[PDB]
Number of protein chains: 2
Amino acid sequence: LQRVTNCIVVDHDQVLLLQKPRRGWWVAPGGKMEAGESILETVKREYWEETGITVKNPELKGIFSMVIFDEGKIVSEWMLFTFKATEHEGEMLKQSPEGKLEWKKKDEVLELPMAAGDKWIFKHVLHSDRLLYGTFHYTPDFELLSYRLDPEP
Amino acid sequence: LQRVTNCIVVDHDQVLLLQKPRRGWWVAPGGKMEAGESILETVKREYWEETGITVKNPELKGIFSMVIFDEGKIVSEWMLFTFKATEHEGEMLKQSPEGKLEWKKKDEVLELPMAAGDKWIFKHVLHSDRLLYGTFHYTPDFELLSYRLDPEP
């Protein structure tokens, strides 16, 4: 059971995102917690490892249980912690080993190809400073079977 | 690695706590995440099972990595998610299987016997509504070796 963090960094009405190779899906940058770290330490380190950018005061906004559901039972599960930040320092790296980095225009973000549960998270976090708690059930190919979000969309 | 939640319920300057059997340490009531739940679902079910009480709108305030440190290596690690709540419904149970429940006065809490990491947590959460992130390093007997908290006390 892994623990993943990512950050959504908004600056001049744009959002720093990463597109997976081969015209794959768009994600917020981040990565896995290392033993002994707090979630705050992880997101600053992982984010910077992946983007070259230091985020100034990231704040937690989303806590999610991610479930892979198959043949009627839970077969995998991890945790995702989504931060938000508005201030940052450093130059964006052209390429990351996970994909290409791009500032996207805020109001275009919800039209990009992304896992369905990400869309809901982005829809709350892009427009609210409230905390979001949730569960997403996916099939092994990452088709959304269902979700529980609190507060509801 | 397990995932524990608890809740600090402040009602008119009193805090609901649990004293472990043998006049041992005092804790906030709570319990471990089951597969598939969000942290918000866990704390309400666990809090209820332990106390008889329904916490109305708990909100996350503390996310901690707890580490047991022995012979110079991390030997054990778990996560604690601390919630805060003012409103609640239902009748407190006299006995629990984990120990005795009692409403204690807010300004007396820091003087109860408790693991040293919990003092820092109570010190912040009882007096602030800001998020606390941190790591506590313990010995197998729960003597605090160190901590990193943010915001720092």
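In this analysis, Cβ positions are derived from the backbone assuming ideal geometry, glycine residues included, and neighbour counts consider all displayed protein chains. Here, each number is a calculation from the coordinates, and none is a lab measurement.
I'm trying to understand the selection: among the residues of the range A:45-57, which are surrounded by fewer than 19 Cβ atoms within 10 Å (Cβ to Cβ) and either assigned to a helix (DSSP H, G or I) or free of Cβ contacts under 8 Å to residues at least 40 places away in the same chain (or both)?
Scanning the range A:45-57 gives A:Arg45, A:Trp48, A:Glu49, A:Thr54, A:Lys56, A:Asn57.
Report yes if B:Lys106 is surrounded by 14 or more Cβ atoms within 10 Å (Cβ to Cβ), charged (D, E, K, R) and more than 24 Å from A:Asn57 (Cβ to Cβ), otherwise no.
Judged against the criteria, B:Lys106 is a match.
Note down all Cβ pairs under 6 Å where the first residue falls in the range A:130-149 and is at the interface with chain B (Cβ under 10 Å from one of its Cβ atoms), the second is polar (S, T, N, Q) and not in a strand (DSSP E or B), and they're at least six residues apart or on different chains.
Between residues of the range A:130-149 that are at the interface with chain B (Cβ under 10 Å from one of its Cβ atoms) and residues that are polar (S, T, N, Q) and not in a strand (DSSP E or B), the close pairs are A:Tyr133/B:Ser38; A:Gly134/B:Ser38; A:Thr135/B:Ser38.
Looking at the range A:27-35, is at least one residue crowded, with 20+ Cβ neighbours inside 10 Å and within 14 Å of chain B (Cβ to nearest Cβ)?
Yes, that holds for at least one residue.
Check the range A:81-104 and report whether any residue there is assigned to a strand (DSSP E or B), under 22 Å from A:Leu144 (Cα atoms) and without any contact (Cβ under 8 Å) to a residue 60 or more places away in the chain.
Checked against the condition, which is being assigned to a strand (DSSP E or B), under 22 Å from A:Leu144 (Cα atoms) and without any contact (Cβ under 8 Å) to a residue 60 or more places away in the chain, the range A:81-104 yields no hits at all.
Quick one: A:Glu98 ticks every box in (1) surrounded by fewer than 15 Cβ atoms within 10 Å (Cβ to Cβ); (2) among the charged types (D, E, K, R); (3) more than 14 Å from chain B (Cβ to nearest Cβ) bar one, so which box is it?
For A:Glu98, the failing item is (1).
Please work out if A:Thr42 is facing chain B (nearest Cβ under 10 Å) and assigned to a strand (DSSP E or B).
Considered against the rule, which asks whether it is facing chain B (nearest Cβ under 10 Å) and assigned to a strand (DSSP E or B), A:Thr42 comes out as no.
For a quick check of your reading of the model, give me the residue pairs whose first member lies in the range A:64-75 and is more than 9 Å from chain B (Cβ to nearest Cβ) and free of Cβ contacts under 8 Å to residues at least 40 places away in the same chain, whose second is assigned to a strand (DSSP E or B) and polar (S, T, N, Q), with beta-carbon atoms closer than 7 Å and at least 6 apart or on different chains.
No pair meets every condition.
Any chance the range B:57-72 includes a residue that's touching a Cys at 6+ places or on another chain (Cβ under 8 Å) and not aromatic (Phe, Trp, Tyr)?
Within the range B:57-72 (the criterion being touching a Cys at 6+ places or on another chain (Cβ under 8 Å) and not aromatic (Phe, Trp, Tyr)), the answer is yes, since at least one residue qualifies.
Restricting attention to the range A:1-17, and to residues there that are surrounded by fewer than 21 Cβ atoms within 10 Å (Cβ to Cβ) and either touching a residue at least 12 places away in the same chain (Cβ under 8 Å) or touching a strand residue (DSSP E or B) at 6+ places or on another chain (Cβ under 7 Å) (or both), which single residue is farthest from A:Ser96 (Cα to Cα)?
A:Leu1
Quick one: would you say A:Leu60 is closer than 25 Å to B:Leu131 by Cα and either without any contact (Cβ under 8 Å) to a residue 24 or more places away in the chain or part of a strand (DSSP E or B) (or both)?
Yes; evaluated as a whole, the condition is true for this residue.
Conditions: (1) on the phi < 0 side of the Ramachandran plot; (2) surrounded by 14 or more Cβ atoms within 10 Å (Cβ to Cβ). A:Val75 meets all but one. Number of the miss?
So A:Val75 meets the others, but not (2).
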